[PDB]
Amino acid sequence: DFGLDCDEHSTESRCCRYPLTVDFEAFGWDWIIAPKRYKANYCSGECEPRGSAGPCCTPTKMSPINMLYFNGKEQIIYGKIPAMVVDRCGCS
Amino acid sequence: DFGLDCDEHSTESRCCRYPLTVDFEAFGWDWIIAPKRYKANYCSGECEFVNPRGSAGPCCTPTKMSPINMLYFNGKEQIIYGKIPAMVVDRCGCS
């Protein structure tokens, strides 16, 4: 099947996926040209190398984003950065 | 911190650190010279509260991990000696 999606107003106790904007500009990371901002989302809820065996509401599928940024050497980098967007949440 | 250690068959519900041996020789990775076997451990237990991780809910996860040095083949009479990061769980906690 699929993962569950929730808003800030859900009274959902199970492993669910919530919206979240990651703001690089707000972090102050100005070496990042684009994007200044993107939708990352996150996982939260209960479940009835990485060293965790216990079930946990974790991203079960993530997708990359393309970024444009400085290394400060008059060197601008355009790259595909993996695992930046939580597309789906589930337990282990 | 929240560093509890448990052995197997422990009666424990809280976030604890359990033993686990990773055994390259028994697994058959004969290209791995050393270590043949090492203590990796893992985290397990419940966590109460009243970017490429993207998890907010509390979870029993390693709060500290350490590397191991490995000696292995690429099969070209090429033996590689390197520091391999995050291979040993040293401590477990909720965050």
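Thresholds, definitions, all that
- Residues numbered from 1 in each chain as written, not as in the entry; some residues may be left out.
- Chains lettered and ligands numbered in written order.
- Heavy atoms only, no water.
- Residues with missing side-chain atoms left out of burial classes, pairs and counts.
- Helix = DSSP H or I, 4+ residues; strand = E, 2+ residues; numbered from the N terminus.
- Rg over C-alpha atoms; globule rule 2.2 N^0.38 Å.
- Pairing = 2+ DSSP bridges.
- Axes fitted to C-alpha atoms, helices over the stretch in contact; angles between N-to-C directions.
- Buried < 20%, exposed > 50% of the residue type's maximum accessible area, 1.4 Å probe, protein only.
- Contact = heavy atoms within 4.5 Å.
- Polar contact = N/O pair within 3.5 Å; in protein donor to acceptor, adjacent residues only side chain to side chain.
- Disulfide = S-S within 2.5 Å.
- UniProt positions renumbered as here; feature names shortened; annotations may be inferred.
- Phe/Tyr/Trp six-rings, centres within 6.5 Å; stacked < 30°, edge-to-face > 60°.

Going by the header, the method for this PDB entry is X-ray crystallography, and the resolution given is 2.2500 Å.

J.: An account of the overall build of chain B is needed here, citing residue identities and associated values.
T.: Check the secondary structure of chain B and you find 1 helix and 7 strands. Of the regular secondary structure in chain B, the N- to C-terminal order runs β-β-α-β-β-β-β-β. Relative to the globule expectation of 12 Å for 95 residues, the C-alpha radius of gyration of chain B, 16 Å, shows a markedly less compact shape.

J.: Help me get a handle on the pairing of strand β6 (residues 60-73) of chain B, residues and values and all.
T.: All names here are of chain B. As defined by bridge partners, strand β3 (residues 32-34) adjoins β6 across 2 bridges and the pair is classed as antiparallel. Among the inter-strand pairings, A34 is bridged to a residue of β6, identified as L71. Linking two consecutive strands that pair antiparallel, namely β6 and strand β7 (residues 79-94), is a turn of 5 residues; a positive phi of about 85° is found at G75 within it.

J.: Give me the lowdown on the sheet that holds strand β6 (residues 57-70) of chain A, citing residues and values where you can.
T.: Within a sheet, adjacent strands bond to each other through the backbone by hydrogen bonds, running parallel or antiparallel. All names here are of chain A. Read from one edge of the open sheet, 3 strands run β3-β6-β7, paired in antiparallel fashion. Where the open sheet ends on each side, the last strands, each with one partner, are β3 (32-34) and β7 (76-91). Strand after strand, the sheet turns through a mean of 50° between neighbouring axes, direction not considered. For β3 and β6, the ladder comprises 2 bridges, and the chain directions are antiparallel. When the sheet's bridge partners are listed, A34 is paired in β6 with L68.

J.: Any chance you could break down the environment of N41 of chain B for me, citing the residues and the numbers?
T.: Residues and elements named next belong to chain B. The residue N41 is located in the loop between β4 (37-39) and β5 (42-44) in this model. Residue class for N41 comes out buried when judged on its relative accessible area of 14%. Residues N41 and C16 lie 25 residues apart in sequence; the distance between their C-alpha atoms is 10 Å. Other than its neighbours up to four places away in sequence, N41 contacts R17, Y18, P19, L20, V88 and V89. A distance of 3.1 Å separates a polar atom in the side chain of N41 from the backbone oxygen of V89.

J.: So, the UniProt feature "disulfide bond" in chain A: which residues are in play, and what are the values?
T.: Residue and element names in this part refer to chain A. In these coordinates the annotated UniProt disulfide of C15 and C57 is reproduced, with an SG-SG gap of 2.0 Å that lies under 2.5 Å. Taking the pair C47 and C91, which UniProt gives as a disulfide, the gap between the sulfur atoms is 2.0 Å, short enough to count as bonded. When its relative accessible area of 38% is taken as the criterion, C91 is described as partly exposed.

J.: Please give an account of the packing of aromatic side chains that cites residues and values.
T.: Tallied over the entire structure, the rule returns 12 aromatic pairs over all chains. Ring plane angle 15° and centroid distance 5.6 Å describe the contact between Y18 of chain A and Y42 of chain A, whose orientation is recorded as stacked. Placement of the pair is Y18 of chain A in strand β1 (residues 16-18) and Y42 of chain A in strand β5 (residues 42-44), with a sequence separation of 24 residues. Residue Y42 of chain A is classed as partly exposed on the basis of its relative accessible area of 23%. Considering the side-chain rings of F24 of chain A and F27 of chain A, the 6.3 Å spacing of their centres and the 90° angle between planes classify their relative orientation as edge-to-face. With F24 of chain A and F27 of chain A both in helix α1 (residues 24-27), this residue pair falls 3 residues apart, about one helical turn. For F27 of chain A, a relative accessible area of 48% puts it in the partly exposed group. Clustering of aromatic rings is evident, with ring pairs tying together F24, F27, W29, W31, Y38 and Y72 of chain B.

J.: Please set out the UniProt feature "disulfide bond" in chain B residue by residue, giving values where relevant.
T.: Residue and element names in this part refer to chain B. With its sulfur atoms 2.0 Å apart, the UniProt disulfide linking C15 and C60 appears as an intact bond in this structure. Per residue, the accessibility class of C15 equals that of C60, and both read buried. Checking the UniProt disulfide annotation for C47 and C94 gives a sulfur-sulfur distance of 2.0 Å, short enough (under 2.5 Å) to count the bond as formed. Residue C94 is classed as partly exposed on the basis of its relative accessible area, which comes to 32%.

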